Each structure stands twice: as C-alpha cells, then as structure tokens.
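Remarks on the structure that follows.
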Amino acid sequence: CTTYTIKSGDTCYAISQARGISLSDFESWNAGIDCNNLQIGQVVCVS
Ligand SMILES: [Zn+2]
Ligand SMILES: [Zn+2]
C-alpha cells in the first residue's frame with residue numbers, strides 16, 4: 001500500500017483516474033471505503 005491523504009474535493013474516481021488504476025482495484029485495496037462520504041485527512045491506498 002502506497003498511502004495518499006484525502007484533500008478537499010477529492011473523489012475516489014478522480015484519484016483512480018489520475019493514477020491510471022480502476023476504481024474497482026482501488027476499492028479492493030481499501031476495505032469497504034465509503035466513496036460518497038470521504039473525510040478530509042482520510043488515508044487511502046493508491047497502489
Ligand atoms: Zn485491475
Ligand atoms: Zn455513504
């Protein structure tokens with residue numbers, strides 16, 4: 001897991017798209033993450 005910290009206006013889709021990964025793979029690395037309720041400062045895996 002490469003970590004990334006959620007910033008204002010971030011979405012799981014935009015994070016995935018910017019890194020050239022599928023949103024499904026991103027979800028598989030992020031244990032039931034709630035993509036419609038992200039918190040500023042939340043830490044996610046991007047690899
Ligand atoms: Zn894949
Ligand atoms: Zn939700």
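The basis for the numbers below is simple: all heavy atoms, side chains too, and nothing from hydrogens, waters or symmetry mates. In what follows, residues are counted from 1 in the order of the sequence shown. We count ligands from 1, going down the list as the structure has it; atoms in each ligand are counted the same way.
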Relative to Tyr4, does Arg19 satisfy both conditions: NZ or CZ under 6.0 angstrom from the six-membered ring centre, and within 45 degrees of the ring's axis?
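That pair qualifies as a cation-pi contact.
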Examine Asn37 and say whether one of its N/O/S atoms is closer to the Zn ion (ligand 2) than 2.8 Å.
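No - counting backbone and side chain alike, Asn37 has no N, O or S atom under 2.8 Å.
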Would you say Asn30's side chain and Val44's backbone share a donor-acceptor pair under 3.5 angstrom?
no
Test your reading of the model: is there a side-chain donor-acceptor pair from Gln39 to the backbone of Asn37, 3.5 Å cut-off?
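Yes, the answer is positive, given that a donor and an acceptor are paired below the 3.5 Å cut-off.
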Please give the atom name: the N, O or S atom of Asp34 nearest to the Zn ion (ligand 2).
OD2
Atom nearest to the Zn ion (ligand 1) - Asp25, N, O or S atoms considered
OD2
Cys12 and side-chain contact (heavy atoms from CB on, under 4.5 Å): which partner among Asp34, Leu38, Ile6?
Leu38
